Trainee: 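Sharing a structure below in structure tokens format, with a few things to ask.
Any value given below was found using the heavy atoms of this structure, including those in side chains, with hydrogens, waters and symmetry copies removed. Chain letters run A, B, ... following the sequence lines, proteins first, then strands; residues in each count from 1.
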Amino acid sequence: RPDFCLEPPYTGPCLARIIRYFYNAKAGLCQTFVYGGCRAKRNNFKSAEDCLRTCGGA
Amino acid sequence: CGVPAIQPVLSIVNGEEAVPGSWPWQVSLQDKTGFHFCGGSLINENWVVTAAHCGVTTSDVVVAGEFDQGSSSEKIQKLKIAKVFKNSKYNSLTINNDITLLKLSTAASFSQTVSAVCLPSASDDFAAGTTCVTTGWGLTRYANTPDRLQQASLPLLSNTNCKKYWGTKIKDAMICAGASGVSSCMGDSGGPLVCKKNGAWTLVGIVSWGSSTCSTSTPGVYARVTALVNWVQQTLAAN
């Protein structure tokens with residue numbers, strides 16, 4: 001899997017409170033986090049399914 | 001516009017609870033489940049102005065006349081969004097031109113707790129040092145959002161002083177304010193930064209971005225409404 005899957009979630013400098021998903025390699029599951037709205041890193045998905053299809057097993 | 005039926009009482013991290021309904025143009029942008037993700041400002045009965053980075057869609061709703069998001073009994077107006085008008089010049093990289101207009105499917109019913117904020121003229125000059133106000137339900141501690149609407153008074157900053165910290169990240173459609181002991185924080189985006197113009201509260205900025213830890217000693221950055229108001233008027237006139 002892509003190395004970006006191993007990066008901690010990134011909220012960014014914008015001040016929104018948008019729910020996104022990131023893959024947590026420590027648990028092996030995608031979890032929710034608050035995204036600020038801009039400059040998203042790649043371990044940031046709009047659905048748990050997208051996240052699992054891209055990072056599952058990382 | 002710009003004249004609350006209920007006068008606010010002044011004197012967001014380090015802000016204070018607002019008098020219920022004293023910022024009648026403040027709306028809460030929520031998803032289909034009622035989850036608040038951004039703020040916004042009513043500019044008339046059929047339009048709301050917010051930030052482009054909020055990514056609002058027609059599936060989201062505009063909640064007007066709200067004060068306590070933790071109160072189920074509180075009377076509010078859940079308004080459906082007919083169409084979203086994101087400024088095509090919004091730069092997803094520099095965050096410049098961070099503004100979006102929301103056209104409501106059904107007009108909001110103005111009242112003592114629901115009304116519009118005034119818009120400035122493109123040539124208006126709000127001097128640095130001017131004490132303005134920003135409001136919203138964003139975090140009060142950098143954590144869940146506060147239930148009740150918060151407010152904070154803060155000074156506008158000169159571009160020169162803002163750049164002393166942010167450097168070249170400050171673009172022409174941005175205006176800074178703060179670094180004075182308060183700070184907008186997650187959940188405040190899209191909300192208003194208002195200053196008085198001949199006694200009427202006028203939208204000078206839209207919460208955009210800033211300190212990644214909501215530090216109160218760092219300049220907050222807002223979309224500069226004077227630089228984007230012509231786009232606003234044009235969008236309304238065409239729709």
Side-chain angles (χ1 to χ4, degrees), chain A residues 9-22 32-46, chain B residues 12 26-31 35-41 43 47-63 81 83-103 134-139 142 145 162 166 169-178 183-193 203-214 218-225 227-229 231-232 235:
Chain A
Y10 180 71
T11 294
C14 287
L15 308 168
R17 187 199 185 206
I18 301 165
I19 302 176
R20 291 295 178 80
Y21 296 79
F22 74 100
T32 57
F33 77 104
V34 178
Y35 170 52
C38 70
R39 310 191 65 68
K41 285 186 180 182
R42 287 178 289 171
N43 191 13
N44 176 324
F45 305 84
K46 291 184 178 180
Chain B
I12 298 178
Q26 173 82 60
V27 298
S28 167
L29 303 188
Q30 308 175 180
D31 64 18
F35 185 84
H36 170 95
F37 62 95
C38 271
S41 297
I43 55 176
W47 296 80
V48 169
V49 64
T50 184
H53 76 262
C54 285
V56 180
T57 72
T58 52
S59 298
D60 298 315
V61 301
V62 170
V63 176
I81 298 174
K83 190 171 183 180
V84 180
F85 296 82
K86 174 182 175 180
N87 191 311
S88 67
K89 294 181 180 180
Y90 171 57
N91 190 310
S92 63
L93 314 186
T94 66
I95 318 177
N96 197 36
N97 306 306
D98 193 14
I99 187 170
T100 285
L101 280 167
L102 307 176
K103 183 180 182 178
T134 187
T135 56
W137 287 276
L139 307 176
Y142 179 74
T145 57
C162 192
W166 295 115
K169 299 305 184 187
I170 302 304
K171 307 307 183 180
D172 63 13
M174 298 174 187
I175 183 175
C176 315
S183 174
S184 289
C185 204
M186 287 72 208
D188 287 318
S189 275
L193 169 65
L203 193 69
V204 176
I206 297 169
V207 186
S208 186
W209 61 276
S211 171
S212 290
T213 62
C214 304
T218 302
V221 190
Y222 305 70
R224 188 185 287 277
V225 181
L228 307 163
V229 72
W231 169 81
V232 171
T235 300

Trainee: Determine whether a donor-acceptor pair (N or O, by modelled atom type, separation under 3.5 Å) exists between the side chain of A/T32 and the backbone of A/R20.
Mentor: no

Trainee: Considering residues at least two apart in sequence or located in another chain, which fulfil the side chain to side chain donor-acceptor pair (under 3.5 Å) criterion with B/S184?
Mentor: B/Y222

Trainee: Once rounded to the nearest 0.5 Å, what's the spacing between atom CG of B/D188 and atom OG1 of B/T134?
Mentor: 6.0 Å

Trainee: Ignoring hydrogens and geometry, is there a side-chain-to-backbone donor-acceptor pair from A/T11 to A/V34 under 3.5 Å?
Mentor: yes

Trainee: Is the shortest heavy-atom distance from the side chain of B/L102 to the side chain of B/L29 under 4.5 Å?
Mentor: yes

Trainee: Are the side chains of B/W231 and B/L101 in touch, meaning some heavy atoms are under 4.5 Å apart?
Mentor: yes

Trainee: Does B/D98 use its side chain to pair, donor to acceptor, with the backbone of B/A223 at less than 3.5 Å?
Mentor: no

Trainee: Nearest 0.5 Å, please: how far is OG1 in B/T145 from NE2 in B/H36?
Mentor: 6.5 Å

Trainee: Using modelled atom types and a 3.5 Å cut-off, is there a donor and acceptor pairing between side-chain atoms of B/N87 and backbone atoms of B/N97?
Mentor: no

Trainee: Does any non-hydrogen side-chain atom of B/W209 lie less than 4.5 Å from one of B/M174?
Mentor: yes

Trainee: Taking the side chain as C-beta and beyond, is there a heavy-atom pair between B/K103 and B/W47 under 4.5 Å?
Mentor: yes

Trainee: Which residues pass the side chain to side chain donor-acceptor pair (under 3.5 Å) test with B/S183, not counting sequence neighbours?
Mentor: none

Trainee: Pair B/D172, B/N96 - check side-chain hydrogen bond (donor to acceptor under 3.5 Å, both in side chains), show working.
Mentor: CA-CA 7 Å; B/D172 63 13; B/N96 197 36; 2.9 Å; yes

Trainee: Would you say the side-chain atoms of B/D60 pair up with the backbone N or O of B/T57, donor to acceptor, closer than 3.5 Å?
Mentor: yes

Trainee: Under 3.5 Å, is there a donor-acceptor pair between the side chain of A/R39 and the main chain of B/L93?
Mentor: yes

Trainee: Under 3.5 Å, is there a donor-acceptor pair between the side chain of B/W137 and the main chain of B/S28?
Mentor: no

